[PDB]
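Okay, so here's just one chain, in structure tokens, the form deposited in one PDB entry.
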């Protein structure tokens, strides 16, 4: 059981966060792209909350997520701790947004509030002192370093899972790159969003690149072509989508008679990527639609979770949100729809986070039931 003080802190943070959200909504209804700046922080807070929910559900369902992630049996971060961290970060995020909205102090400008929020987040993650979740934070930092140096390090379940999360959090990297461009040029006024370039596509594909190189490393280590090269192609579909969209946009800016062929290539490879990722998540990562399953239709014969309706709704939402996520990657990597691109990305990113949350649920359950990832011996 979590400490009573931990529960009190979680409740206090949740209440303050709720009232801060209400105040922000009231201020909204009653110089900087604040939406893009704060999208990353909001997505991180939502991901932390959904991670706490994932931990609670795994504990309730009996899934041995601790063993899969190779976490210390003696000390395990509770879902309440994740909720507390998410609530505190959300409170700080809301306070920064309110300060931007109202500008309480004339001497203090607006950019310093988001700058301090993100800087405090980074410092808290890498806080040298052993004060607030130091063990878990150091483990997460090691995992992040391993994931980024994917080819050099052997791929474990934790590395692959974190790389998948990054794939679901590419919006943060996109927003950071856009902010860098805005500072470099804007601060034509809208040159950054008016024109798309290759480095933007590279930043979009970075998570997929990490996953693809991890798959190549796993193929080299295990020498099994089917389990790993197919996943590598699944991740390469994303690169093909991104570069084809970028070419289509570039030739839209200046027609070379190849705009239409690039449009067709982008559409076909977008459909291919959506189908590939959806099928991999539905069959390989989840294990559903198993032949052995006779009691549960379209599911696997053993289902740890209580309701099959959970699995069915997960399938439907996974399909819809996979198509939505590929659409969002296309919109964010390249201009495409300029006027509504930012709005589409903002609406879609939380949906992608929720989809990855459900996917984490079901993938961890399947891995507990069967060694789908083959990480274990």
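Positions refer to the first chain, counted from 1. Just so we're on the same page, rigid core means the largest C-alpha set that superposes within 1.5 Å between forms.
Keep in mind that the form deposited in another entry is missing from the display, and what follows is about it.
- Only 195, out of 148, 138, 132, 195, shows a C-alpha shift of 2 Å or more between this form and the one not shown on alignment of the rigid core.
- A displacement of less than 2 angstroms separates the C-alpha positions of residue 63 between this form and the one not shown, with the rigid core held in common.
- Relative to the superposed core, residue 335 shifts its CA atom by 2 Å or more between this form and the one not shown.
- Once the rigid core is used as the reference frame, the Cα position of residue 7 differs between this form and the one not shown by less than 2 Å.
- Relative to the shown form, the Cα atoms of residue 207 and residue 334 move apart by 3 Å or more in that other deposited form.
- Relative to this form, residue 350 and residue 372 separate from one another in that other deposited form, with their C-alpha atoms ending up at least 3 Å farther apart.
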